[PDB]
Structures are given as C-alpha cells and as structure tokens.
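This is what each chain is made of:
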Amino acid sequence: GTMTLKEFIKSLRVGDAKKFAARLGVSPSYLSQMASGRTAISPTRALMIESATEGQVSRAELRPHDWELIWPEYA
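The rules behind the values
Bear in mind the residue numbers are our own, running from 1 along each chain as written, so they may not match the entry, and residues with no coordinates are left out. Side-chain measures here rest on the full set of heavy atoms in the structure, leaving out hydrogens and waters. Residues with missing side-chain atoms are left out of burial classes, side-chain pairs and their counts. By the criteria applied, helices consist of DSSP H or I runs no shorter than four residues and strands consist of E runs no shorter than two, each listed in order from the N terminus. Computation of the radius of gyration draws on C-alpha atoms, with the globule rule given as 2.2 Å multiplied by the number of residues to the power 0.38. It only takes one pair of heavy atoms within 4.5 Å for two residues to be counted as in contact. UniProt positions are given in the numbering used here, feature names are shortened, and annotations may be inferred rather than shown by experiment. Two rings from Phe, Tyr or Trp (for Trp, the six-membered ring) form a pair when their centres sit within 6.5 Å of each other. Planes less than 30 degrees apart are called stacked, planes more than 60 degrees apart edge-to-face, and all others tilted. Summary of the burial criterion: residues with accessible area below 20% of their type's maximum are buried, those above 50% are exposed, and those between are partly exposed, where the area comes from a 1.4 Å probe applied to protein chains only. The set of buried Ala, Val, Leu, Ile, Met, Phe, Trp, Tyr and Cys residues whose side-chain atoms join them within 4.5 Å is what this entry labels a nonpolar core.

- As recorded by the PDB entry, the chain carries the name Putative antirepressor protein Cro and is attributed to Escherichia coli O157.

Here it is in structure tokens:
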C-alpha cells in the first residue's frame, strides 16, 4: 500500500471520516482506536478497509505483523 490507516484518516474531511466509520460498521471512536493501534483490526475489517481505500491502505499496513500468515496468497 501507500499509507497507513492513521495517515489516510488524517487526510479525510471530518464529515467524510464520520461517513467512513459508518460505512465500516464502527463508531468514530473505534475507528480512531484502530488507527492509533489501541485495538486490533480484524482480518475482515482489514479487507473492508483495503477495498474501501482502493488499496491505498492495504492489509499489509493493517496487520503488519501477521499479514503473511493470514493471507499467504497475497504475498
């Protein structure tokens, strides 16, 4: 990918980021905790974020320490 989840959210307008949290089925607080590394991004939600950002925030940035194991085919 090109950027981290935190970097991508930083770039959205506040209104857009509230809509992005809504689209992901999470609260803006939970999205923030995900972007700040305070809680895990589930494998499915990583796929959701990857597809929503057209690959800009990829599963490798969202599960940096075990993406090679969860998706051996992606590598």
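**Regarding the overall build of the chain**
No. 1: Within the chain, the secondary structure is distributed over six helices and zero strands.
No. 2: Starting at the N terminus and ending at the C terminus, the chain contains elements arranged as α-α-α-α-α-α.
No. 3: Over its C-alpha atoms the chain spans a radius of gyration of 12 Å, differing by no more than 12% from the 11 Å that the globule rule assigns to 75 residues.
No. 4: For the C-alpha atoms alone, the extent of the chain along its principal axes is close to 35 × 20 × 20 Å.
No. 5: Sequence separation of at least 24 residues holds for 43% of the intrachain contacts in the chain that already meet a minimum separation of 6.

**Re the UniProt feature "domain: HTH cro/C1-type" (unreviewed entry) in the chain**
No. 1: As annotated in UniProt, the feature "domain: HTH cro/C1-type" (unreviewed entry) corresponds to residues 18-62 in the numbering used here.
No. 2: For residues 18-62, the end-to-end C-alpha separation is 19 Å, with 62% helix and 0% strand making up the annotated structure.

**Notes on the packing of aromatic side chains**
Aromatic ring pairs are defined here through the distance separating the ring centres and the angle between the ring planes.
No. 1: A complete count under the given rule lists two aromatic pairs for this structure.
No. 2: Taken together, a centroid distance of 5.8 Å and an interplanar angle of 65° make the contact between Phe8 and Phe20 edge-to-face. In this pair, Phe8 is assigned in helix α1 (residues 5-11) and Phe20 in helix α2 (residues 14-23), connecting sequence segments twelve residues apart. This pair shows no difference in class: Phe8 is buried, exactly as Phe20 is.
No. 3: Relative to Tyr74, the ring of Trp67 lies with its centre 6.0 Å away and its plane at 90°, an arrangement referred to as edge-to-face.

**Describing the environment of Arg23**
No. 1: Its place among the elements puts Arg23 in helix α2.
No. 2: For the pair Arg23 and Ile49, spaced 26 residues apart in the sequence, the C-alpha separation amounts to 9.8 Å.

**A few points about the nonpolar core**
No. 1: Judged by nonpolar contacts, the single largest core of 19 residues is most densely connected at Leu5, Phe20, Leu31, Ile41, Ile49 and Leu62.
No. 2: Those elements giving two or more residues to this core turn out to be α1, α2, α3 (28-35), α4 (43-52) and α5 (59-62).
No. 3: In contact with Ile41, other than residues within four places in its own chain, are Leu5, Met34, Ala46, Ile49, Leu62 and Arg63.

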